[PDB]
Amino acid sequence: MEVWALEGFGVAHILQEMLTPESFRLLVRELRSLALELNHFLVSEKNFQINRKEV
Amino acid sequence: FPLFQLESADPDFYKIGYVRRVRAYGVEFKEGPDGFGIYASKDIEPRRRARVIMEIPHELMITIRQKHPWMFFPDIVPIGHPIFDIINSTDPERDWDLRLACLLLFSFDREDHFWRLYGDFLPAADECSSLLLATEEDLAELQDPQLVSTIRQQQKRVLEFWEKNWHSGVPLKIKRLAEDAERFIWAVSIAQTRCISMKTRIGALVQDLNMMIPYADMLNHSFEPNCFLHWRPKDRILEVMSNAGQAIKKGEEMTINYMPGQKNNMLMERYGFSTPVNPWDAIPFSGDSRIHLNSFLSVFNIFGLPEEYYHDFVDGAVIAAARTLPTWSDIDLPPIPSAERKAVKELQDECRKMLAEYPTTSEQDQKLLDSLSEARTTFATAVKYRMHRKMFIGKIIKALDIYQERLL
Amino acid sequence: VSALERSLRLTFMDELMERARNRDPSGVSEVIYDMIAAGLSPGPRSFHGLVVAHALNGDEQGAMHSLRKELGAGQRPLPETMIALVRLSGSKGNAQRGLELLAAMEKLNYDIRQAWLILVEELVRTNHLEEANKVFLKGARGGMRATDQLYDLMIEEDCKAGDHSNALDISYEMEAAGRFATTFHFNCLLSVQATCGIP
Amino acid sequence: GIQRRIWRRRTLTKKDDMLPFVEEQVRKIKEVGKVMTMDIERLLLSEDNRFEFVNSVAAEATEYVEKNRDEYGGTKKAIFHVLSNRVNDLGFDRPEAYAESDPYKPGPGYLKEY
Amino acid sequence: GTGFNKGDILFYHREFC
Ligand SMILES: Nc1ncnc2c1ncn2[C@@H]1O[C@H](CSCC[C@H](N)C(=O)O)[C@@H](O)[C@H]1O
């Protein structure tokens, strides 16, 4: 409910501080134990090149 | 030690607005023989951003939509009032001033309306410089047949509208607005000379409005203004903002640009005044002789693109001369001095040929204005108009002489 | 200035400017030495004819040398004189020299907006689009606002060459200046976005 | 119109009916920082979107700290400096970063107790 | 909220005098 209240105010940077990533990096490894891979890709809006984030 | 060392307007002028949330910062309203004005009461130091000079609440204005349908903001006309039918019968393009005049006369009749009080500080019929109030003899002093015919059509259009809508059978609530044609002509004159057109957002509705804005219709015109108007949608306040980074001295007049890019004949048709330093005034040349545009601009330090000429003797008339003189340009080809002197000489002859069209000269008109004792406001306006044009042509002859010599 | 001095300057500047327009830098140099022999001091407009004569005959080194003569003589170059050098540098693709001259005009307290507009168009015209983008962005990020004609030129030429990164940078600066993008500008970006394989 | 010059001064010539113990309250308003609260609302009246106003203030505050690191974090706060500067840019007058101090402090070591 | 929408000539060329 605290996350919802912060989102309702639109305080995006306060929410980021209060959440921080180890929570997501640990999630990827547990999904890997089930033979699933979760890759995070960034597509550049300038040259359309895809970057695989180090997760 | 401290022991050994233009009249101010009526104090009630600012007070009636002030008690209704009008705020003025660092400026004072001063009155002279030529009319009201806004002057810096102190040294307005430059800042990183535009400074707030005046704040005018929306509820003190008289505004109507520029485009059909006609809605009033704030809505003051009651539903079913016959004044709306008169407003609704107008030409959407040409009769914007008639619509504002009907609203203005209607506003004077309302007991609670602010312009009942503010209307007493508007120029009277013999004090307004609008050419709608000019007699046929005042138009004879313009020495401009095109402008005279334009004014006569304006006066004809305004008069016929009153005769059609203020006949004998109209209700008393309509008769008492404009009991005579001169009363309605005066209202249209106020509408033309004082209307401010802006794009505004009111709530969620963005629209173009023709606005009668008190205390902002006291700002005089300048083609190099130190102030500009800014609508603040959130609280519905018109802001008068001084230019960012521009220092304004105590006593300096606060001005806005009424009509960007418009010639003096347009300023005369709308506001009944002209300026000798109008940077958009034009003079009809034959084009047989042309000077070097790049040289002329650099001699007088006129920089920027043609539509945004500015000066780093040189004033708006020299900028106007650059735009109106016949010019040639060949990228970076330099001009031959002996061929440019022939053009300058021939351009000066054509400038003197046009000064000889006027029966009098510029200084004779200037001394005529000083000798006046019982002259109508429009008569002096008509003389100032023709004198300004003579001053502009004379400025071109001087500028060409300077340019011809600085080309060595 | 006496009447005799004015009479000689007219005929000396007549001969000088008739050889600058004749694209004869050698002749324009002879007249300047004729002025020195007569005792007349060459002003900014005499060295302008020397710069133009070299500039018209695609001679960047001689025109730069003529500018050094003008500066070495203590004269102040005209704003038009610098524009002739800036436009010449762009025609040869010399963006570094074009930017050095623009810095000089700012130092001389001139208005570099018009000369910056000329420099970018010369590079685009002479197929130096890569150099043009570098010069354009530096001016745009520096606060100068380009013409709507040049904005439409830079966006379209970049998208025809498949350079979406520069075309997107410029269109962002175009709106920051105060000119909002229209359907034309978006259609230029879409022409490249449709070929990236990511719908 | 023109008469010699003598001219008619414009006056109200019509009736407008629309025409002291707050010292403790005023001084408390400044002490608690309510003045900046009104200034923030004043600045937001000139802003179309309050979220971009917050981002712009933070961006300007970051520039202050990079420029002059040691002057912020104590009595002068960078965000308060930005807000006071933007009020002064409108032409109004505010103290720098809204910083004020107690003049009746009985020397060093003494903390005012709430 | 605040996260919406990504949040030398003329030198050494003087008059000798
Ligand atoms: N720059 C200028 N030169 C001469 N008259 C001007 C002017 N700017 C504004 N005016 C006059 O002011 C009118 C616009 S309303 C401006 C206030 C007006 N002086 C008044 O006392 O009510 C116009 O009709 C015009 O006659």
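Using ideal geometry, Cβ is built from the backbone for each residue, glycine included, and neighbour counts are taken over all protein chains shown. Read the figures in this text as sums done on the coordinates, not as results from a lab.
Name every residue in the range B:7-35 that is within 12 Å of the ligand (Cβ to nearest atom), surrounded by fewer than 20 Cβ atoms within 10 Å (Cβ to Cβ) and closer than 17 Å to D:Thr11 by Cβ, in order of residue number.
Result: B:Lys30, B:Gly32, B:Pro33, B:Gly35.
Being within 14 Å of chain E (Cβ to nearest Cβ), among the acidic types (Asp, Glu) and surrounded by 15 or more Cβ atoms within 10 Å (Cβ to Cβ) is the requirement here; does C:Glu80 meet it?
Considered against the rule, which asks whether it is within 14 Å of chain E (Cβ to nearest Cβ), among the acidic types (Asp, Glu) and surrounded by 15 or more Cβ atoms within 10 Å (Cβ to Cβ), C:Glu80 comes out as no.
Restricting to the range D:1-47, what's the tally of residues that are among the aliphatic types (A, V, I, L, M), within 13 Å of another protein chain (Cβ to nearest Cβ) and either part of a helix (DSSP H, G or I) or farther than 16 Å from D:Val57 by Cβ (or both)?
Going through the range D:1-47 one residue at a time, the tally reaches 7.
So in the range C:55-77, with the set limited to residues that are among the small types (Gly, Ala, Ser) and more than 14 Å from chain E (Cβ to nearest Cβ), which one is surrounded by the fewest Cβ atoms within 10 Å (Cβ to Cβ)?
Restricting to residues being among the small types (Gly, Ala, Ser) and more than 14 Å from chain E (Cβ to nearest Cβ), the top hit is C:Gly58.
When you look at B:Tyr258, is it on the phi > 0 side of the Ramachandran plot, within 16 Å of the ligand (Cβ to nearest atom) and assigned to a loop (DSSP other than H, G, I, E, B), yes or no?
no
Tally the residues that are assigned to a loop (DSSP other than H, G, I, E, B), more than 8 Å from chain D (Cβ to nearest Cβ) and either among the charged types (D, E, K, R) or on the phi > 0 side of the Ramachandran plot (or both), restricting the search to the range B:7-54.
5
Would you call B:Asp208 more than 12 Å from the ligand (Cβ to nearest atom) and within 14 Å of another protein chain (Cβ to nearest Cβ)?
No.
Return only the number of the condition from (1) in a loop (DSSP other than H, G, I, E, B); (2) within 16 Å of the ligand (Cβ to nearest atom); (3) within 29 Å of B:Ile53 (Cα to Cα) that B:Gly251 does not satisfy.
Just one mismatch for B:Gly251, condition (2).
Pick out the one residue from C:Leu50, C:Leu40, C:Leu16 that is of a type outside the set (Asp, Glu) and surrounded by fewer than 18 Cβ atoms within 10 Å (Cβ to Cβ).
C:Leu40
Contact list please: Cβ distance under 6 Å, first residue in the range C:118-136 and of a type in the set (S, T, N, Q), second residue in a helix (DSSP H, G or I) and crowded, with 22+ Cβ neighbours inside 10 Å, pairs at least six apart or on different chains.
Once the first residue is of a type in the set (S, T, N, Q) and sits in the range C:118-136, its partners that are in a helix (DSSP H, G or I) and crowded, with 22+ Cβ neighbours inside 10 Å give C:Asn133/C:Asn166.
Is it the case that the range B:37-51 has a residue that's of a type outside the set (S, T, N, Q) and within 15 Å of B:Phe121 (Cα to Cα)?
yes
Conditions (1) away from chain B (no Cβ under 12 Å); (2) part of a helix (DSSP H, G or I); (3) surrounded by fewer than 12 Cβ atoms within 10 Å (Cβ to Cβ), marked per residue:
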site: D:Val57; (1), (2), (3): yes, yes, no
site: D:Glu66; (1), (2), (3): yes, yes, yes
site: D:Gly73; (1), (2), (3): yes, no, yes
site: D:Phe92; (1), (2), (3): no, no, no
site: D:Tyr104; (1), (2), (3): yes, no, yes
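Quick one: which residue in C:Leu50, C:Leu4 is in contact with a helix residue (DSSP H, G or I) (Cβ under 8 Å, 6 or more places away or on another chain) and of a type in the set (A, V, I, L, M)?
C:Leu50
Does at least one position in the range C:177-192 carry a residue that is within 25 Å of the chain's Cα centre (by Cα), in a helix (DSSP H, G or I) and not aromatic (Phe, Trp, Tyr)?
yes
Are any of the residues in the range B:270-284 in contact with a strand residue (DSSP E or B) (Cβ under 7 Å, 6 or more places away or on another chain), more than 28 Å from B:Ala187 (Cα to Cα) and among the charged types (D, E, K, R)?
no
Hey, which of the helices (runs of 4 or more DSSP H) in chain A, taking only ones fully inside, have at least 1 residues that are within 12 Å of another protein chain (Cβ to nearest Cβ) and surrounded by 12 or more Cβ atoms within 10 Å (Cβ to Cβ)?
The helices (runs of 4 or more DSSP H) meeting that bar are A:2-9, A:12-19.
Only one of these conditions is not met by B:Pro334: (1) in a helix (DSSP H, G or I); (2) within 13 Å of another protein chain (Cβ to nearest Cβ); (3) buried (at least 21 other Cβ atoms within 10 Å of the Cβ). Which number is it?
(1)
Taking the range C:100-112 as the region of interest, how many residues are part of a helix (DSSP H, G or I) and surrounded by fewer than 20 Cβ atoms within 10 Å (Cβ to Cβ)?
4
Quick check on my filter: what residues within the range B:262-313 are assigned to a loop (DSSP other than H, G, I, E, B), farther than 21 Å from B:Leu355 by Cα and more than 16 Å from the ligand (Cβ to nearest atom)?
B:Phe300, B:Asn301, B:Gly304, B:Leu305, B:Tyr309, B:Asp312
Would you check which residues across the range C:130-149 are surrounded by fewer than 20 Cβ atoms within 10 Å (Cβ to Cβ) and either in a helix (DSSP H, G or I) or in contact with a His (Cβ under 6 Å, 6 or more places away or on another chain) (or both) and list them?
Once the filter is applied, which keeps residues that are surrounded by fewer than 20 Cβ atoms within 10 Å (Cβ to Cβ) and either in a helix (DSSP H, G or I) or in contact with a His (Cβ under 6 Å, 6 or more places away or on another chain) (or both), the range C:130-149 yields C:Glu130, C:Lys134, C:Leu137, C:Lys138, C:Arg141, C:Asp148, C:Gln149.
Quick check on my filter: what residues within the range B:36-47 are away from the ligand (no atom under 16 Å from the Cβ), buried (at least 16 other Cβ atoms within 10 Å of the Cβ) and not small (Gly, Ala, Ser)?
Of everything in the range B:36-47, those that are away from the ligand (no atom under 16 Å from the Cβ), buried (at least 16 other Cβ atoms within 10 Å of the Cβ) and not small (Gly, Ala, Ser) turn out to be B:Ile44, B:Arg47.
Taking the options B:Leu372, B:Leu347, name whichever one is touching a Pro at 6+ places or on another chain (Cβ under 8 Å), more than 20 Å from B:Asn301 (Cα to Cα) and not hydroxyl-bearing (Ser, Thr, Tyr).
After applying the criteria, what remains is B:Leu347.
Scan the range C:120-149 for residues that are under 21 Å from C:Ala181 (Cβ atoms), more than 14 Å from chain B (Cβ to nearest Cβ) and aliphatic (A, V, I, L, M) and jot them down.
Those that are under 21 Å from C:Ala181 (Cβ atoms), more than 14 Å from chain B (Cβ to nearest Cβ) and aliphatic (A, V, I, L, M): C:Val120, C:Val124, C:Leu129, C:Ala132, C:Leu137, C:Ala140.
Can you spot a residue in the range C:152-162 that is among the β-branched types (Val, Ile, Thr), closer than 30 Å to C:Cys196 by Cβ and surrounded by fewer than 19 Cβ atoms within 10 Å (Cβ to Cβ)?
Checked the range C:152-162: no residue is among the β-branched types (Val, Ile, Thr), closer than 30 Å to C:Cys196 by Cβ and surrounded by fewer than 19 Cβ atoms within 10 Å (Cβ to Cβ).
Residues in the range B:87-109: is at least one within 13 Å of another protein chain (Cβ to nearest Cβ), surrounded by 15 or more Cβ atoms within 10 Å (Cβ to Cβ), of a type outside the set (A, V, I, L, M, F, W, C) and farther than 30 Å from B:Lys250 by Cα?
No, the conditions are met nowhere in the range B:87-109.
So if I check each of B:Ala244, B:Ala187, which one is more than 11 Å from the ligand (Cβ to nearest atom) and part of a helix (DSSP H, G or I)?
Checking each option against the conditions leaves just B:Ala187.
Are any residues in the range B:222-241 away from the ligand (no atom under 16 Å from the Cβ), surrounded by fewer than 17 Cβ atoms within 10 Å (Cβ to Cβ) and under 15 Å from B:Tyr258 (Cα atoms), and if so, which ones?
The answer is B:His230, and nothing else.
Anything in the range B:110-138 that is under 20 Å from B:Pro359 (Cβ atoms), away from chain D (no Cβ under 13 Å) and within 16 Å of the ligand (Cβ to nearest atom)? List them, or say none.
none
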